[PDB]
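Q: Build me a model from this:
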Amino acid sequence: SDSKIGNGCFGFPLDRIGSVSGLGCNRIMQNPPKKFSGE
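A: Numbering: from 1, shown residues only. Provided below are the atomic coordinates:
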């Protein structure tokens with residue numbers, strides 16, 4: 001759900017941390033819940 005310029009796996013920088021493969025998503029700025037994003 002968009003509210004403040006992207007929220008989850010949408011407006012975030014999905015073209016570096018993974019770029020589709022590693023999934024740019026990152027629930028909560030304080031790192032993801034040991035899922036979605038990583039490495």
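Q: neighbours of the closest residue to residue 33 other than its chain neighbours, just the number please.
A: Excluding the flanking residues, the one nearest residue 33 by CB to CB, 6 or more residues apart in numbering is residue 27, at 6.0 Å. Heads up, the C-betas are built off the backbone N, CA and C, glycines and all. Neighbour count of residue 27, defined by other CB atoms under 10 Å: 15.
Q: Pull the contacting residues for residue 27.
A: 8, 33, 35, 36, 37 (CB atoms under 8 Å, 6 or more residues apart in numbering).
Q: Most neighbours out of the residues you listed, which is it?
A: Going by other CB under 10 Å, residue 37 tops those with 19 neighbours.
Q: what's the helix or strand for that residue?
A: Counting by DSSP states H and E, no helix or strand carries residue 37.
Q: re earlier: if we take the contacts of residue 27, which one ends up nearest to residue 17?
A: The shortest gap between residue 17 and any of those belongs to residue 37, at 6.2 Å (CB to CB).
Q: what's the spacing between the closest residue to the closest one other than its chain neighbours and residue 2?
A: Nearest residue to residue 37, sequence neighbours excluded (CB to CB, 6+ apart): residue 26, at 4.5 Å. Distance from residue 26 to residue 2, counting by CB to CB, to the nearest Å: 15 Å.
Q: the more surrounded of the two?
A: Counting neighbours by other CB under 10 Å for residue 26 and for residue 2 shows that residue 26 has the greater number, 20 against 9.
Q: who's in contact with the more buried one?
A: Contact analysis of residue 26 by CB under 8 Å, 6+ apart lists 8, 12, 17, 32, 36, 37.
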